[PDB]
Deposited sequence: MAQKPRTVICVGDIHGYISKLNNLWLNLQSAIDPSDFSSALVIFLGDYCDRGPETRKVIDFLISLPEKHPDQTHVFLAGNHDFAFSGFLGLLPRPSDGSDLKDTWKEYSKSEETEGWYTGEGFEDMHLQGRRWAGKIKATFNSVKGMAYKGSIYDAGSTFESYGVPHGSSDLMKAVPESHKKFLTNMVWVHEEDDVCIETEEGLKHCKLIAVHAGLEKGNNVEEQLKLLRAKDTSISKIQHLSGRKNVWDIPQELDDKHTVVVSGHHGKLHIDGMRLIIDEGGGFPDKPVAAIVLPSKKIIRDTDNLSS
């Protein structure tokens, strides 16, 4: 029997949506298949929603709760930005300073009110944007990070967040990956069951540039990049790029604020960080969509 693969869209601090989805998934999938499933969280665990802390608590608990599952946690643009503010990103491997990332977006500083509190000098651009105060509705910053601060019991933009975030959560953020690759997953098509490669990346992959070169920087976590298009892009990462456009690779992403299935391109982000929208997961091989808003039993 083919292994069950669950790909979970953006959570954005909605603990109730995360819990209800997890509970629904256990009625849609039989106990044996669920217990040994590959579970790929597609990123964006923080911001917008009110309970980031509880979300990360939940995700940390999963290895203990389900020892035979494989758990993959993609870094979203939001979580990369979160990790940046906490100073958890490794120094750029090219020897540059994290402050060098600011220059490209320097004209955005005034409107975005970038963090100028303690430790801003050694901070990645996205960390400074994340903890900024946007001139006005946004929750504190352009990243809607206000609710993340509050979920850990501190005001928005506070340097004290660094002390409030538990060590296990910092370890969780350090353990996130920018890409996940699988050699062999099953997926239903109109013609029948297929075996495919899988690439999981929060937003997607770029056109033009060699795919392996892209995957290389993603595997290595290059912090010299001001804005990581693979985590933050929109139209530029929507499509499967030329090199992978041959029906042998599933490319799964969250990020886009839409649930969109087009052949081998899976975009799983029905929630979009909105409080009134469902969080959806896709279950492979069947491609069935399970939501927090479901009321399932077996």
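Missing from the model relative to the deposited sequence are positions 1-3, 140-147 (no C-alpha coordinates, numbering from 1).
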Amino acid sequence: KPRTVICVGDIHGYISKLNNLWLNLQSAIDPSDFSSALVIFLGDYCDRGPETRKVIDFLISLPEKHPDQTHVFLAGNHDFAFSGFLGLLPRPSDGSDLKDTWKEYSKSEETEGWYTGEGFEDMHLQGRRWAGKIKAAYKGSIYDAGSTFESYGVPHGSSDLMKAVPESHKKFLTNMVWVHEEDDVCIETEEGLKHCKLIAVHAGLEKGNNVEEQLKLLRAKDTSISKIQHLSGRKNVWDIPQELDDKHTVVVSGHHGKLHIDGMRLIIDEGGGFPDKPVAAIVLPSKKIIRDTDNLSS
From here on, numbers count along this sequence of modelled residues.
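Two stretches are in play, 158-166 and 193-201, and the higher mean C-alpha B-factor belongs to 158-166. A summary of the deposited B-factors shows that, of 64-72 and 50-58, the stretch with the larger mean C-alpha value is 64-72. The entry lists C-alpha B-factors for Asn236, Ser232, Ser32, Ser253, and the highest of these is at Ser32. Per the deposited coordinates, the residue with the largest Cα temperature factor out of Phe172, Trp102, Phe120, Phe82 is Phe120. Per the PDB record, residue ranking by Cα B-factor puts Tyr115 in the highest third of the chain. Annotation for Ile268: CA B-factor lies in the lowest third of the chain's modelled residues. Ranked by Cα temperature factor within the chain, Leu244 sits in the highest third according to the deposited record. Sort the modelled residues of the chain by CA B factor and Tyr143 lands in the middle third.
When the CA B factors of the chain's modelled residues are split into thirds, the value for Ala28 lands in the highest one.
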